Amino acid sequence: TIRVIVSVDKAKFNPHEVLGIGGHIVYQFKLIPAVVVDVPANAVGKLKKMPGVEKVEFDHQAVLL
Amino acid sequence: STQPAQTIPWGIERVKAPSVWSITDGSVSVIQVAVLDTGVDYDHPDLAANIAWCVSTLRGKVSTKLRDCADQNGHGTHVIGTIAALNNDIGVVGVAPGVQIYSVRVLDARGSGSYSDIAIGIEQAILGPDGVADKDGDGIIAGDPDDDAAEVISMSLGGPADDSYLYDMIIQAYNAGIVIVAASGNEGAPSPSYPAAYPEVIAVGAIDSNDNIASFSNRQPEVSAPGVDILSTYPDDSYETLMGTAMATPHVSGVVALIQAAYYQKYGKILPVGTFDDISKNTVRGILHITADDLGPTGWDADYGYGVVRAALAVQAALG
Ligand SMILES: [Ca+2]
Ligand SMILES: [Ca+2]
Ligand SMILES: [Ca+2]
Ligand SMILES: [Ca+2]
Ligand SMILES: [Ca+2]
Ligand SMILES: [Ca+2]
Ligand SMILES: [Ca+2]
Ligand SMILES: [Zn+2]
């Protein structure tokens with residue numbers, strides 16, 4: 001799997017939505033309507049169309065400066 | 001090994017911190033500075049007393065275990081020491097040598113970090129140890145003595161990507177009243193890396209001991225500070241000299257900690273964060289800009305930003 005971060009309308013989204021496509025929930029943010037999810041790379045496009053999903057973003061990298 | 005006798009690193013002197021300590025060393029109860037980095041050598045004799053919370057967010061799992069929150073790189077220990085090394089008989093001394101630190105480990109032993117982990121780290125700095133942003137529901141988070149949120153988030157790290165969930169978290173921090181400080185980057189680029197590049201975040205460039213901008217410092221920062229030949233704490237219970245916009249960043253965060261501590265001590269409130277354009281004494285960022293030592297060409301410039309931060313003058317502006 002790859003790790004992505006999904007932004008949602010919390011009132012229109014349930015995290016079980018992502019399990020059928022091979023997704024698993026890593027972390028549910030308390031302060032923003034988003035969830036970090038591990039999913040098959042082939043399923044990213046699937047997430048985008050799920051109820052309550054507003055955006056799906058890749059997990060990028062920062063480095064010490 | 002016997003600890004060395006205390007010295008004041010050149011950068012602490014440059015940012016005019018020592019004269020502030022008679023007013024405050026940052027040890028005002030409600031003030032905490034969250035340092036999102038590689039962790040901390042939490043038992044370091046020149047840091048331990050100021051380590052108020054030690055947590056990790058690596059791999060998307062929040063852990064408060066010492067084993068998980070400890071520094072496996074050294075960078076976080078160094079950054080934290082620039083902010084908050086104790087004023088005592090050993091080692092070095094931080095800009096704000098009495099400020100409480102939250103060490104939030106978002107970078108691994110290699111000094112690499114996922115944006116997801118960093119966003120979790122910012123969330124943790126807002127929530128604090130109690131897991132709740134705003135316990136009493138008043139909208140006051142930073143500066144609320146009933147809450148345990150940090151007042152400063154310091155990010156000596158950067159990446160090229162601008163993600164909306166990350167920005168959303170940055171926005172939550174800003175609205176909590178938290179001053180966010182981040183390294184501009186070390187690629188000699190025309191503009192800061194993320195999250196420094198966000199409007200709500202103070203981008204920090206690096207100067208050397210001759211007051212020249214470091215060649216590596218990403219341009220168009222908001223302010224600048226000591227970032228070359230910077231002696232600080234390092235594992236294990238030792239000291240090291242480093243360069244980078246990561247070393248400049250803590251000097252600024254330390255100045256902010258002094259401003260907010262002094263302001264709270266006097267008034268029982270904190271100052272608003274402010275904006276990049278602010279040139280008043282009514283916000284933290286306004287004060288930073290107006291009191292900075294305007295190096296290079298007159299005014300804001302692409303190398304120094306508004307200039308080199310000066311804690312003494314900033315604190316006077318805050319209390320004036
Ligand atoms: Ca140690
Ligand atoms: Ca010391
Ligand atoms: Ca809290
Ligand atoms: Ca509150
Ligand atoms: Ca309150
Ligand atoms: Ca606080
Ligand atoms: Ca200038
Ligand atoms: Zn997984």
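Atom set for the values below is all heavy atoms of this structure, side chains included, hydrogens, waters and symmetry mates excluded. Naming convention: chains lettered A, B, ... in sequence-line order (proteins, then strands); numbering from 1 in each chain.
To the nearest 0.5 Å, the span separating CG on B/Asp41 from OG1 on B/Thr38 amounts to 10.5 Å. With values rounded to the nearest 0.5 angstrom, B/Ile270 atom CD1 is found 12.0 Å from B/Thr283 atom OG1. Remark: B/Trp53 CH2 to B/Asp130 CG distance equals 8.5 Å, nearest 0.5 Å. Distance check: B/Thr275 OG1 to B/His289 NE2 gives 6.5 Å after rounding to the nearest 0.5 Å. Here the straight-line distance linking atom CD1 of A/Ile21 with atom NZ of A/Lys46 works out to 6.5 Å at 0.5 Å rounding. From B/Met169, atom CE reaches atom OH of B/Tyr198 across 12.0 Å, with rounding to the nearest 0.5 Å.
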Going through the checks in order, is the side chain to side chain contact (heavy atoms under 4.5 Å, CB included) test met by A/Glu57 and B/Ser164? CA-CA 8 Å; A/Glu57 306 179 276; B/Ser164 63; 3.0 Å; yes
Can A/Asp38 and A/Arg3 be said to form a salt bridge (charged side-chain N to carboxylate O under 4.0 Å, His left out), step by step? CA-CA 4 Å; A/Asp38 284 332; A/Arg3 180 153 296 189; 2.8 Å; yes
One pair to check against side chain to side chain contact (heavy atoms under 4.5 Å, CB included): A/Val56 and B/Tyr165. What are the steps and the verdict?
CA-CA 9 Å; A/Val56 177; B/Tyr165 76 93; over 6 Å; no
Discussion item. Run B/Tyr174 and B/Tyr167 through ring-ring contact (aromatic ring centres under 6.0 Å, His included) and show every step you take.
Written reply: CA-CA 10 Å; B/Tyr174 183 77; B/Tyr167 190 45; 9.8 Å; no
**OP:** Could you walk me through whether B/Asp163 and B/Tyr194 pass side chain to side chain contact (heavy atoms under 4.5 Å, CB included), step by step?
**Re:** CA-CA 9 Å; B/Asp163 300 326; B/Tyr194 292 89; over 6 Å; no
* Asked: Run the side chain to side chain contact (heavy atoms under 4.5 Å, CB included) check on B/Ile230 and B/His78 step by step: do they pass?
  -> CA-CA 9 Å; B/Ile230 306 300; B/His78 195 279; 4.0 Å; yes
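Checked by atom type and distance alone, the side chain of B/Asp293 never pairs as donor or acceptor with a backbone atom of B/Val308 at under 3.5 Å. Between the B/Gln3 side chain and the B/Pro45 main chain, no donor and acceptor come within less than 3.5 Å of each other. For B/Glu151 (side chain) and B/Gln32 (main-chain N/O), a donor-acceptor pair under 3.5 Å exists by modelled atom type. Proximity of a side-chain donor or acceptor of B/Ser232 to a complementary backbone N or O of B/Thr82 within less than 3.5 Å is detected. For the pair B/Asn73 (side chain) and B/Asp108 (backbone), a donor-acceptor distance under 3.5 Å is absent. Proximity of a side-chain donor or acceptor of B/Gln220 to a complementary backbone N or O of B/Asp301 within less than 3.5 Å is not detected. In this structure, the side chain of B/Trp300 engages the main chain of B/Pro221 through a donor-acceptor pair within 3.5 Å. For the pair B/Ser217 (side chain) and B/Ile213 (backbone), a donor-acceptor distance under 3.5 Å is absent. Between the side chain of B/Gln260 and the backbone N or O of B/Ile31 there is no donor-acceptor pair closer than 3.5 Å. Remark: side-chain polar atoms of B/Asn218 are not paired, donor with acceptor, to backbone N or O of B/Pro192 under 3.5 angstrom.
A donor and an acceptor atom, one from each side chain of B/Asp71 and B/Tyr42, are nowhere located under 3.5 Å apart. With no hydrogens or angles considered, a side-chain donor-acceptor pair links A/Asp59 and B/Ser116 at under 3.5 Å. Between the side chains of B/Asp278 and B/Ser280, at least one donor N or O lies within less than 3.5 Å of an accepting N or O. In this model, a donor atom of one side chain and an acceptor atom of the other lie less than 3.5 Å apart for B/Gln6 and B/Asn87. Between the side chains of A/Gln61 and B/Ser112, no donor-acceptor pair is found at a separation under 3.5 Å. Looking only at atom types and distance, the side chain of B/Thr233 has no donor-acceptor partner in the side chain of B/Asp46 under 3.5 Å away. Between the side chains of B/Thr245 and B/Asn186, a donor-acceptor pair is found at a separation under 3.5 Å. When only modelled atom types and interatomic distance are considered, B/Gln72 and B/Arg105 share a side-chain donor-acceptor pair under 3.5 Å.
Closest approach of B/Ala34 and B/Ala150 over heavy atoms only: CB-CB, 3.8 Å. Heavy-atom minimum distance, B/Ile23 versus B/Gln316: CD1-OE1, 3.5 Å. Between B/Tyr239 and B/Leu231 the shortest heavy-atom distance is CB-CD1, 4.2 Å. Scanning all heavy atoms of the two residues, the minimum distance from B/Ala183 to B/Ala246 falls at CB-N, 3.9 Å. Residue B/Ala206 comes nearest to B/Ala248 through the heavy atom pair CA-CB, 4.0 Å, listed as atom of the first residue, atom of the second, then distance. The heavy-atom pair separating B/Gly26 from B/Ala261 by the smallest distance is CA-CB, 3.8 Å.
Between B/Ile259 and B/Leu288 there is a side-chain heavy-atom pair separated by less than 4.5 Å. Contact of the B/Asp208 side chain with the B/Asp229 side chain is not registered, since no non-hydrogen atoms from C-beta on lie closer than 4.5 Å. Contact check for B/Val92 versus B/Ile8: no side-chain heavy atoms found under the 4.5 Å cut-off.
A continuous path of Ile, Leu, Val, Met, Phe, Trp and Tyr side chains, each step under 4.5 Å between heavy atoms, connects B/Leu242 with B/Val204, placing both in one hydrophobic cluster. Residues B/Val93 and B/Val315 are members of one and the same hydrophobic cluster, defined by side-chain heavy-atom contacts under 4.5 angstrom among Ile, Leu, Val, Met, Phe, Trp and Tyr. In the hydrophobic clustering of ILVMFWY residues, with side-chain heavy atoms under 4.5 Å counting as a link, B/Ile180 and A/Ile32 come out together. Linking ILVMFWY residues whenever their side-chain heavy atoms come closer than 4.5 Å, directly or via other members, places B/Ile141 and B/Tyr102 in the same cluster. Residues B/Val30 and B/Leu258 share a hydrophobic cluster, clusters being chains of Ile/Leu/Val/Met/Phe/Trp/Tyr side chains in contact below 4.5 Å.
Between B/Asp146 and B/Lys135 a salt bridge is recorded (basic side-chain N to carboxylate O distance below 4.0 Å). Ion pairing of B/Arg14 with B/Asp211 is present here, as a side-chain N (NZ or NE/NH1/NH2) and a carboxylate O approach within less than 4.0 Å. B/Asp303 and B/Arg219 are joined by a salt bridge, as a carboxylate oxygen and a charged side-chain nitrogen come within less than 4.0 angstrom of each other.
The environment of A/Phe58 atom CZ is sparse: at most 12 non-hydrogen atoms of other residues, nucleotides or ligands sit within 6.0 angstrom. Counting non-hydrogen atoms of other residues, nucleotides and ligands closer than 6.0 Å to NZ of A/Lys10 gives a total above 12. For A/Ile2, the CD1 atom is densely surrounded, since the number of other residues' heavy atoms within 6.0 Å is greater than 12. Within a 6.0 Å radius of NZ in B/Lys266, more than 12 heavy atoms belonging to other residues, nucleotides or ligands are found.
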Sequence neighbours excluded and cut-off under 3.5 Å, please list the side-chain donor-acceptor pairs for residues 118-129 of chain B, or say none.
unit_1, atom_1, unit_2, atom_2, d
B/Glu123, OE1, A/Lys30, N, 3.1
B/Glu123, OE1, A/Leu31, N, 2.9
B/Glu123, OE2, A/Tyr27, OH, 2.6
B/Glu123, OE2, A/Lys30, N, 2.9
B/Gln124, NE2, A/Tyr27, OH, 3.4

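Under the side-chain hydrogen bond (donor to acceptor under 3.5 Å, both in side chains) criterion, B/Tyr263 pairs with B/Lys269, not counting sequence neighbours.
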